[PDB]
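# What the coordinates show
So you can see what is in the structure, the chains are spelled out below.
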Protein chains: 2
Amino acid sequence: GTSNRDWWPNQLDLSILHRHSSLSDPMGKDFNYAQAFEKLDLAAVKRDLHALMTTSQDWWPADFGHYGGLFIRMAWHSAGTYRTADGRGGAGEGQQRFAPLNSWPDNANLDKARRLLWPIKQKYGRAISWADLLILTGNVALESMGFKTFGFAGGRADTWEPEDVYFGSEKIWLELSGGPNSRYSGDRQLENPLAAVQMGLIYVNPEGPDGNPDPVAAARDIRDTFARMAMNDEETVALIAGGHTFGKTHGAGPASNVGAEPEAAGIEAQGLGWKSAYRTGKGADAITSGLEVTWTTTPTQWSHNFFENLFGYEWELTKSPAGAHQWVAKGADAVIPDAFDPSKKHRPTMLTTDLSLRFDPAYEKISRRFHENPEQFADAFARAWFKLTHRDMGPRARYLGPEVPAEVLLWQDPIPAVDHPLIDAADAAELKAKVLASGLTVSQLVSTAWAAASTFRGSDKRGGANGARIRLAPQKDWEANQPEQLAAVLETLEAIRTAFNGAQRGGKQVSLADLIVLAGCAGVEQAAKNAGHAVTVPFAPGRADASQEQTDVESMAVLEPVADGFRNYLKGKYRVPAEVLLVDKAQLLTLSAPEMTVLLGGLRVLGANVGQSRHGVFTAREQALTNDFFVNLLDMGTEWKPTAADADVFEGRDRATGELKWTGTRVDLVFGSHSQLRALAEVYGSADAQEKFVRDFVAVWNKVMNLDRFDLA
Amino acid sequence: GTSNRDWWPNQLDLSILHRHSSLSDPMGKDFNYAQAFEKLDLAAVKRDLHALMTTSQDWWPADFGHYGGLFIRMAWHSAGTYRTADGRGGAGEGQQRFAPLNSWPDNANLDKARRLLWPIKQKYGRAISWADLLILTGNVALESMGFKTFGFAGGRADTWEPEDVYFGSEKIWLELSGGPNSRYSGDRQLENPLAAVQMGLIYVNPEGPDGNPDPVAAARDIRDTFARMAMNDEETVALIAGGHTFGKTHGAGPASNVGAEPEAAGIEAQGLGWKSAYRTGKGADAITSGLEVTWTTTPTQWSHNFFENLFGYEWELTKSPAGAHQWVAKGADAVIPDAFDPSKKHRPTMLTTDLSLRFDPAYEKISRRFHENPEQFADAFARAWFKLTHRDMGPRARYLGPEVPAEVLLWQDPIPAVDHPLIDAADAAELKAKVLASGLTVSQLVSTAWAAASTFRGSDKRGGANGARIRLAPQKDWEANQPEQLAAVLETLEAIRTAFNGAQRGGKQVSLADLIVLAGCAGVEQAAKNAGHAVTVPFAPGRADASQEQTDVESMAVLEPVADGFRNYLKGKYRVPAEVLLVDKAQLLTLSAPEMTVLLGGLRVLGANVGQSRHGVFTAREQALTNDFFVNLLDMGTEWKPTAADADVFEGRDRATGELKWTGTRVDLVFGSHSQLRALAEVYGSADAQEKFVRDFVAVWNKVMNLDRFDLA
Ligand code: HEM
Ligand code: HEM
Ligand SMILES: NNC(=O)c1ccncc1
Ligand SMILES: NNC(=O)c1ccncc1
Ligand SMILES: [Cl-]
Ligand SMILES: [Cl-]
Ligand code: NA
Ligand code: NA
């Protein structure tokens, strides 16, 4: 059956904005996962999970009698899809149970691990999500095997369909670099936003870069990919050595014995895959990665044996029974237990990427420290594991249940608690009047609040106006934020703030974070008034101001907008067309297509463009909130053509006279081109739509202003 | 960007069940189109449209100074995608303005026609849909040129995204038959559910079958395709001759002058396409089909000159300036006006498919009658035009506005007016008790009501339990309806009805259509009781009983279920997997994936399977409403394998012992295989879900029972 995607493969795809509708969700519209989880007996779940660890099922027998290693890998993979570039991936949506992740080569036999968990899921039902359960199971596996974890938070609501996530353009699983859809260019530069070296891997190739078993070169790919997943050198060494303290790999026979991945398997396989024709196809005979490495002398107990082995032997390159490159310890005795046969033992073995931890000079120093100081290793691993598994959960207000760590961590972008009375409706009116009397313009107020609030992305729930981090490094210096204009607005607002706070009694004060947002609302109210509409914009106080020292400048760098179609901004020239980047941004902001449409048309006429560009400013009454953008965009009296100078900029000329009327960008004109977008523009460009436009614009403005307000949830 | 669709191109696609979410709709949740339309000044819209007919725009100059012909083609194409096999296509959702239809070859330059309508759309806004406006514009064109139409109904609400519609498997536009994805097999048998001869055509090729200019052969394709669009010979001749009384075709130069269709054009084209490099690219120079035919001496006035020409000349095969086969009148005077030059005239011309109306024997007799009696021609065309343009609108209760024809037409599947008091809640409870006391079983009651209600399809809003047509030919003898069991149930219900109606005073009575639905509700309530749960199933009275004489038996044939996964029924062996046919049925029933999942699991345990098959009956308490289907489906203690006898039937055996527990079909086991469906099954198979299951089942049951109840809208 030929589809629109087949006919017009490069056309813009809006269906990513209409994922996660109430249609696909089996839970009622009023279902609140947090409330369900708060009533969960978490301690009872943990007991059940502890019992599961050593209750082997014959259809996938437990290595060494203990599933712990398998479940730690499961949880690590759930979390390890995360990318700092867009915040997409991670454990926070339980997407491991959907395509494509349920069927990635690197997730082979984690279908078994998830199926082991079904009885527990079934028992507790809606009170624990799959997303929470995968991580909790990893925690309990660690605990069972003698490692005390740093904490756990619930609150990852299940999702009910696959995410639309760009994982790369290769058409072959595991394709090596330099092919027709290569994710590498230049001096092994990995394309943004990707964080894995090959399609279907979590981070790197365990044999080495493109399969070449050079631990030094592997270490470069590790560093790069783990950095792109928010981990530094210390964290990376702690995690890899920590993980590989447990369990084993599986490569008992050739990989050609392994059949279809879950999404390709027969209906009778009931959601499982990689069925193996090698011997019993499981347990002693299992084939997962194709490697056959067991790292420690006690694979089901926390130990200090990973680094004893790493440093205590010299390593010889060898092959697994499936033909994969791996390393074996020169001259060693057979001291590593077999997973199934008590009369067999093995020599110590390592992956190429384990050897990275010794033969990369920077990792070597960390590895030695952790070798000599195992309590530092233990602490670093506990902290990194918590971080890995909670990275995408958002503000601490979202963390549920009785094991949430009290320690506030820098990577959480923390926001101070509010310790004083908030401003009320009268105070808000008074502050808005002051803001409008200062001389700040509609354009300045709307631009500044948009800049502050629109850093939020729902993928990892980072960013937003809470914290007033727009006044700090690096946000205050971002080109899109118009640093010089921004400094002047913040100075005026700081003065208004100081004078209001000065005049209060009791504890009462207003944060700059709130006043930024409030002042934007005032700008919108004023724009509406300029257009003859009497409008109040909703405002919710309670934001607090974070310090510079509470704001990791390096980690904040990934939130910088290099494309923001809502401000007609593009920082450079990219391969992806700007209207694809607009829809991507709308998705991160949680906007539907109608919300995207209304927001953009409003912001254009309010003066939110970077540099006060005229592109898409299709009105003769700028800073008045009207539907002019739509009425003028859709006017057939104007003809559009790309410019000689720049084929990404378009001139709109009167059809009859040739006179230039407007200019616009791809982002502006797509609303008059794309057949679904133009249908939405038509609604808002109709003669009956002025009040609808205004009211819908106010609603989406407010929604953006509140995106990070999990304190009000 | 590689997607799930690319990795697993044969997996089941559920997103068709989640179109038309509130997310993609720009209108508020309370928007009621009917209410907006009922306040439209229709007469003022018509005056505006009348003026538009003769107000030429220089970007697409009007042929002969009148756009009427263009708009009649536009409306005919809006309606002419319709297929009786599934009720998909037609004008009723305004889908011409979205992909792929906005860009089909046969819809070339109707982008111009829709753009001409923007000013009027913009003026009246939400009070007239695009879907209504396309048809109304066709009507006003006809009216303006002297043709009295039969009527017009409003009520087609706009839609906001493209439908998912199978239009064929060819990967090349207009591909001639016999390709690798040929829609023809055997002796030119067109595959169901298609109703056109080539990909991107409305019905047939105007040059002749696969381009071969033989009017006799062409007539075979005309008859076939028009029959698949619900039109008999008389209707077909009336429509084609009627339409081709007006306007002209466009083929002024070679077709290689024509550029990209709208979905492939540059952003600057602002939603238009087929930009032509031939001379001015428009007006006298236009290229649309590549044919250059003008049928009558008065293309802007209703006449009987199509038939005067068709019969009054002999016809010679010739070529247009674009190279297309067409016909010219031998030895004729130049009597046909030119569209732009008043000093030029032309000989009469015809399409191959116009000559079909003379050289097919059966068409010839109709065409002669219409030639000799143009008043019969006018009436037949008006009736056929109404039918064409309203075929997919559903029950007459949906028809809005002041021009709805009073005459009731057989093709409308009419339902008699109710002229008496309805039963109340006490009466309903009394009837449910009587039904349960008769000895009719849960299985019988549920199966009968399902059979009655589940003929509804939202594609053309035909079918449903209103009418009690299940008691008439042909429904009463459809194999899926279990004719012998059905007859016994209907007899018992008719006796209950007669006794209830006999005992009433004051005109109150219950229709059999209502009692069938009510009896099913009693079944579901009793099943719940059997499971230990007291529930009330909602029930709305007001259905009426249609007669055999009010039921077109041939037209009812397309509503026969040949696949109904909800009753585990497949009438034969098909190329399309049964789970794909399930999802197709769910879509026609307007179900989401969760609704589909709940409905199916309940029906299996209530005994709704045709022939009392045990397939998928995963319970030991049949005729109790429980979630046993899900709990048992998802039990990892059961292993599934296809049978030796039949690869589409599966045995579930205990994993440990090999004991046979269950059997199932692909439709049953897909819920344990497909990763999105299994996630939904999990929810309903959890230990906290019995009350949720019952409540959601009751809700979707009620929704199905009410699908055709536009009398309650
Ligand atoms: C350079 C990064 C890494 C590479 C290349 C890597 C590679 C692998 C491979 C190939 C396997 C064998 C899969 C199989 O055949 O069953 C494995 C197993 C495992 N990895 Fe890693 N890993 C990495 C990082 C991590 C991290 C960060 C953790 C956890 C903190 C972790 C924990 C595990 C565990 C527990 C197992 C054993 C699974 C079992 O016992 O069944 N790994 N790893
Ligand atoms: C066998 C069925 C039919 C065939 C093959 C057919 C074919 C065509 C073609 C090839 C054109 C020229 C397109 C262009 O170059 O602009 C055309 C024009 C037209 N057709 Fe048909 N047609 C059919 C049925 C109908 C029906 C059922 C109607 C209306 C009741 C209709 C009304 C028209 C009108 C009004 C035009 C003139 C468009 C203009 O003036 O711009 N046709 N037809
Ligand atoms: N790919 N997933 C996202 O981009 C996303 C998910 C949830 N809220 C916002 C964005
Ligand atoms: N293609 N679209 C349909 O089949 C349909 C549309 C609306 N309700 C039910 C079915
Ligand atoms: Cl994601
Ligand atoms: Cl459709
Ligand atoms: Na994420
Ligand atoms: Na339809």
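Residues numbered from 1 in each chain as written, not as in the entry; some residues may be left out. Chains lettered and ligands numbered in written order. Heavy atoms only, no water.

Method of determination, as annotated in the archive: X-ray crystallography, at 1.9200 Å resolution.

A word on the coordination of the sodium ion (ligand 8). Metal coordination angles have textbook ideals: 109.5 degrees for a tetrahedral set of four donors and 90 or 180 degrees for an octahedral set of six. Residues and elements named next belong to chain B. Binding of the sodium ion (ligand 8) to the protein goes through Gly 87 (O), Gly 89 (O) and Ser 459 (O), at separations of 2.3 Å. All donor residues of the sodium ion (ligand 8) come from one chain, and their arrangement in sequence is G-x1-G-x369-S. Linking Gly 89 in the loop between α4 (68-79) and α5 (110-116) with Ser 459 in the loop between α15 (442-453) and α16 (483-502), this pair joins segments that are 370 residues apart in sequence. Judged by relative accessible area, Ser 459 falls into the buried class, the value being 11%. (Donors = N, O, S within 2.8 Å, 3.2 Å for Na, K, Ca; no water. Helix = DSSP H or I, 4+ residues; strand = E, 2+ residues; numbered from the N terminus. Buried < 20%, exposed > 50% of the residue type's maximum accessible area, 1.4 Å probe, protein only.)

Residue and element names in this part refer to chain B. Taken together, the neighbourhood of ligand 4 is formed by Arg 88, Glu 93, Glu 163, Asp 164, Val 165, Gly 458, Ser 459, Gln 587, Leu 588 and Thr 590. At 2.8 Å from an oxygen atom of ligand 4 is found a side-chain nitrogen or oxygen belonging to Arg 88. Between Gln 587 and ligand 4, the recorded distance is 2.3 Å, taken from a side-chain N or O atom to an oxygen atom. For ligand 4, the protein covers 88% of the area, taking 280 Å² as the surface of the free molecule. A per-class count over the shell around ligand 4 returns two nonpolar, four polar and four charged. Here the shell around ligand 4 spans two domains, since at least three of its residues come from each of domain 1 (1-167 + 373-407) and domain 4 (565-688). (Near = heavy atom within 4 Å. Polar contact = N/O pair within 3.5 Å; in protein donor to acceptor, adjacent residues only side chain to side chain. Areas by Shrake-Rupley, 256 points an atom, 1.4 Å probe, with all protein chains shown as cover. Nonpolar A, V, L, I, M, F, W, Y, C, P; charged D, E, K, R; others polar. Domains from an automatic or database assignment.)

Our focus in this paragraph is the site of ligand 1. All names here are of chain A. Close to ligand 1 lie 25 residues, the nearest being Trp 76, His 244, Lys 248, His 250 and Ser 289. Within the contact set of ligand 1, an oxygen atom lies 3.0 Å away from a backbone nitrogen or oxygen of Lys 248. Note that an oxygen atom of ligand 1 is positioned 2.7 Å from one of the side-chain N or O atoms of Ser 289. Sorting elements by how many residues they give to the shell around ligand 1 places helix α4 (residues 68-79) first, with five residues. The residue makeup of the shell around ligand 1, split by class, is 14 nonpolar, nine polar and two charged. Counting contributing residues, the shell around ligand 1 receives three or more from each of domain 1 (1-167 + 373-407) and domain 2 (168-372).

Between chain B and chain A, the residue contacts involve 84 residues of the former and 86 residues of the latter. Contact with chain A buries surface across chain B, with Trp 7, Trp 8 and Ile 267 of chain B losing the most and accounting together for 11% of the total. Joining chain B to chain A, the criterion identifies four salt bridges. A salt bridge links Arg 126 of chain B to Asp 688 of chain A, with the nearest nitrogen and oxygen atoms 2.9 Å apart. Between chain B and chain A we count 32 residue pairs in polar contact in total. Those elements that provide at least two residues to the side of chain B that touches chain A are α1 (4-7), α6 (118-124), α21 (628-633), β10 (638-642), α22 (666-669), α23 (675-684) and α24 (690-705) of chain B. The dominant element in the side of chain B that touches chain A, judged by the number of residues it contributes, is α23 of chain B, at eight residues. Looking at the side of chain B that touches chain A residue by residue, the classes come out as 37 nonpolar, 25 polar and 22 charged. (Contact = heavy atoms within 4.5 Å. Buried area = accessible area lost by both parts, 1.4 Å probe. Salt bridge = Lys/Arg side-chain N within 4 Å of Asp/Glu carboxyl O.)

All right, on to the environment of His 304 of chain A then. When you line up the elements, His 304 of chain A lands in the loop between α9 (233-243) and α10 (305-312). With relative accessibility at 40%, the residue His 304 of chain A sits in the partly exposed group.

One face of the sheet, then the other: side chains in a regular strand alternate in exactly this way. Residues and elements named next belong to chain B. Most of strand β4 (residues 325-329) sits out of view: four of its five residues are buried. Of the pairings in the sheet, the one linking strand β3 (residues 315-319) to β4 comprises five bridges and is antiparallel in character. Directly across from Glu 316, in β4, lies its bridge partner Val 328. Counting the residues that bridge the hairpin from β3 to β4 gives five residues, and of these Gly 323 lies at a positive phi of roughly 105 degrees. Note that β4 and strand β7 (residues 349-350) share two bridges and pair antiparallel. Along β7, the bridge assignment pairs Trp 327 with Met 350. (Pairing = 2+ DSSP bridges.)

Right, let's get into unusual backbone geometry. The omega angle of the peptide bond from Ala 99 of chain B to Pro 100 of chain B is -5 degrees, so this bond is cis rather than trans. Inspection of the secondary structure puts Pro 100 of chain B in the loop between α4 and α5. Following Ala 473 of chain B, the chain continues into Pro 474 of chain B via a peptide bond in cis, with omega recorded as -5 degrees. By the element assignment, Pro 474 of chain B lies in the loop between α15 and α16. Of note in the backbone geometry, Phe 64 of chain A takes a positive phi value of approximately 60 degrees without being a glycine. Mapped onto the elements of the fold, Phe 64 of chain A is located in the loop between α3 (42-52) and α4. Classification of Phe 64 of chain A by relative accessible area gives partly exposed; the value is 22%. The backbone of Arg 188 of chain A sits at a positive phi, close to 45 degrees, despite the residue not being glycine. For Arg 188 of chain A, a relative accessible area of 19% gives the class buried.

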